[PDB]
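Written out below as structure tokens is the structure these notes cover.
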Amino acid sequence: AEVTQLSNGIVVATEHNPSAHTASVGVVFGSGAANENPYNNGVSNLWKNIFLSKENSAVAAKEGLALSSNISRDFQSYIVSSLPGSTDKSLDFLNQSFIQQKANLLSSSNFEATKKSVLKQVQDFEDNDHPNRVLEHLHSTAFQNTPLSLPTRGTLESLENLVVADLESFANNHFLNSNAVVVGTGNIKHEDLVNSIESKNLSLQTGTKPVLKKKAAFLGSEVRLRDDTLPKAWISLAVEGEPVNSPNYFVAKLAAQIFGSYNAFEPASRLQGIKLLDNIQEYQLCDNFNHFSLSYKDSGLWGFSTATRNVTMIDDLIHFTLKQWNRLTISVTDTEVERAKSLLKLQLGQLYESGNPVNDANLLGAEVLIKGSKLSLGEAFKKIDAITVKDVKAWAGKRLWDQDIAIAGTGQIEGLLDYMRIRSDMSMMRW
Amino acid sequence: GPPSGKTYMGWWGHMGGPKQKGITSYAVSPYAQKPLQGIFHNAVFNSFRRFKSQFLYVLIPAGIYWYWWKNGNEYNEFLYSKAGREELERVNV
């Protein structure tokens, strides 16, 4: 329940939990796919893949350490998990790979075998993971010609034309000290870790700052990846959401909980206290849907994603869903808000407190990099419970009502009507 | 309902076209676009093109008919003037 963080030469952030059997240690850099270019796009993902290379991974396996990495938009992270006792040997492997082997991982035999793996990896994604593929393209069109548009896994064309020098160039511009935070989760104490860190000196590229860019911006638009050979239609639609560290950060997430997620095959899901379900179940407008409030450093996306085999009624799916969202500005009820608060706490809890320290590190790391600290789970609940119907209405009237949208879809989307028809539904006629 | 005869047009989701794959489209909200004023400087010299290719198909048949009309008219005028009463008696009945 304690979020301890101190700075000496490097910023150290930890969160202890004695009941945890293992401990995870790692470095989280304040730069991700949002820092790349259209041409070196996929370099971060490539780094992650060599860090988990058979060679580097075997060295950690002998020592009894497990490797894990995650490439996001605003950040990047390299994590090593171990037993509570080997909390020192994780730091040896961390330093040995980011300073000593910052040239042994980049061999012309390791790099090629890895490049061939991320190529089959990113290709498999585009060929089969339609829901995530669609969600990735949603960011692509919504934030076109802006940092948030670049996909995390990179594109096949920028990937196959990438070389060892590109990795180095990126590493020497972002893997800096002022653009880093060392994180530790599990059971180890803050004072326990900071000592092993403040022990080993050496700055290594100190005072150096990463390159700057241009601010991210939402552009109402769409990308339609029609493919009549797929057995379904997958669509994602959203408005400009909230950036992390926004006053309405929670109002937005609550609003998404009101409509929540659905799965037509799960008996219990068909019974949720969601008004939209009365409309969509009559003719079974979809197999599933899920709302989200994605937040990043400069912006975010608020909307929903859905999958359906009812290809001749896609317009009803979109129409009923948008009519429900209209409600947030004009008629959302106290009980809908209250139901959302309870369910938001339950999901926010299950995230911030899972039985896995690697998840804790990513959540902690990502937060401290943006606001310099982490809001305690109990602090969130105070903010969540304080939200009134009046708040949700003021938010919706600014973010949802008669606002541009961004759309992306693949599969049998002939039935997804034109942009203007969808856009017109972002409001209602009144006297 | 009662069985319907097969046609060459369906409806949204089953239009009757061939299966599409590989084509990706993009568009941008009219709201985000430059309000109507840019249809000049960039869209002016480009215009008038769908009549520079067509005017001949219209003009030649028009010319042929206008000439033919003018001729017969002027001939009728001559026939009913003093100078042409001689020719009138000839071509008439």
Side-chain angles (χ1 to χ4, degrees), chain A residues 125-138 140-142 220-238 259 261-266 269-270 274-291 303-326 405-426 428, chain B residues 1-30:
Chain A
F125 178 68
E126 219 62 49
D127 263 70
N128 312 274
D129 192 2
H130 308 119
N132 292 289
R133 175 180 164 226
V134 158
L135 187 71
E136 197 79 292
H137 275 94
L138 207 242
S140 176
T141 187
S221 58
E222 60 178 23
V223 53
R224 302 164 93 116
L225 307 136
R226 214 223 258 211
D227 186 344
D228 298 347
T229 61
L230 297 181
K232 303 188 187 191
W234 289 265
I235 96 101
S236 287
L237 189 164
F259 309 114
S261 75
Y262 166 83
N263 183 156
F265 303 92
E266 282 299 319
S269 197
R270 315 206 284 236
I274 301 169
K275 291 186 192 310
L276 173 59
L277 294 190
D278 292 329
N279 302 136
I280 86 88
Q281 304 201 98
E282 191 174 4
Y283 289 86
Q284 205 51 80
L285 276 35
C286 75
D287 284 351
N288 51 261
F289 70 74
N290 57 284
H291 296 243
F304 88 128
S305 296
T306 176
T308 178
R309 281 137 55 243
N310 193 158
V311 300
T312 60
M313 297 183 80
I314 294 173
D315 60 301
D316 290 312
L317 206 203
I318 306 308
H319 172 70
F320 286 136
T321 297
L322 267 49
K323 285 306 99 174
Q324 279 306 142
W325 298 2
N326 288 154
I405 58 188
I407 308 173
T410 184
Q412 295 180 237
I413 52 173
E414 178 184 85
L416 178 71
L417 268 28
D418 57 290
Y419 188 86
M420 286 305 256
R421 260 288 196 108
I422 313 302
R423 171 66 219 255
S424 293
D425 264 342
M426 291 309 276
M428 297 175 91
Chain B
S4 177
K6 290 291 167 59
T7 59
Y8 291 96
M9 182 184 77
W11 207 257
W12 303 108
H14 58 101
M15 211 65 77
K19 304 207 190 310
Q20 296 181 26
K21 188 184 206 307
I23 305 162
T24 297
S25 66
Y26 302 82
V28 168
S29 171

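Sequence lines set the chain letters: A, B, ... in the order given, protein chains first and strands last, and positions in each chain run from 1. Atom set for the values below is all heavy atoms of this structure, side chains included, hydrogens, waters and symmetry mates excluded.
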Is the closest side-chain heavy-atom distance between [X] and [Y] below 4.5 Å?
X: A:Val311; Y: A:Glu414; value: no
X: A:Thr410; Y: A:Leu230; value: yes
X: A:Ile235; Y: A:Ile318; value: yes
X: A:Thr312; Y: B:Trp11; value: no
X: A:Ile405; Y: A:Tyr419; value: yes
X: A:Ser305; Y: A:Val134; value: no
X: A:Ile422; Y: A:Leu237; value: yes
X: A:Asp315; Y: A:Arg421; value: no

Backbone of [Y] reached by a side-chain donor or acceptor of [X] within 3.5 Å:
X: A:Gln284; Y: A:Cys286; answer: yes
X: A:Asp287; Y: A:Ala307; answer: no
X: A:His130; Y: A:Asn128; answer: yes
X: A:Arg133; Y: A:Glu126; answer: yes
X: A:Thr308; Y: A:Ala233; answer: no
X: A:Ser221; Y: A:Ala406; answer: no
X: A:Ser269; Y: A:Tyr262; answer: no
X: A:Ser140; Y: A:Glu136; answer: no

So for atom CE, which belongs to B:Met9, do other residues, nucleotides or ligands contribute more than 12 heavy atoms lying within a distance under 6.0 Å? no

Would you find more than 12 non-hydrogen atoms of other residues, nucleotides or ligands less than 6.0 Å from A:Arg270 atom CZ? yes

How far does [atom1] of [X] sit from [atom2] of [Y], to the nearest 0.5 angstrom?
X: B:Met15; Y: A:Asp228; atom1: CE; atom2: CG; result: 11.0 Å
X: A:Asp316; Y: A:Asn279; atom1: CG; atom2: CG; result: 9.5 Å
X: A:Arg226; Y: B:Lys21; atom1: CZ; atom2: NZ; result: 13.0 Å
X: A:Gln324; Y: A:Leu277; atom1: CD; atom2: CG; result: 9.0 Å
X: A:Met313; Y: A:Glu282; atom1: CE; atom2: CD; result: 8.5 Å
X: A:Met428; Y: A:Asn326; atom1: CE; atom2: CG; result: 5.5 Å

Test of understanding: with ring-ring contact (aromatic ring centres under 6.0 Å, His included), list the residues that count as partners of A:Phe304, not counting sequence neighbours. A:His291, A:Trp325

Have a look at A:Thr306 and tell me which of A:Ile280, A:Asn288, A:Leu317 forms a side chain to side chain contact (heavy atoms under 4.5 Å, CB included) with it. A:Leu317

Nearest non-hydrogen partners of A:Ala238 and A:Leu138, listed with the distance: CB-CD1, 4.0 Å

For A:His137 versus A:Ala408, what's the shortest heavy-atom pair and its separation? C-CB, 4.2 Å

Does this structure show an ion pair linking A:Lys323 with A:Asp425, if we count only N-O contacts that are shorter than 4.0 Å? yes

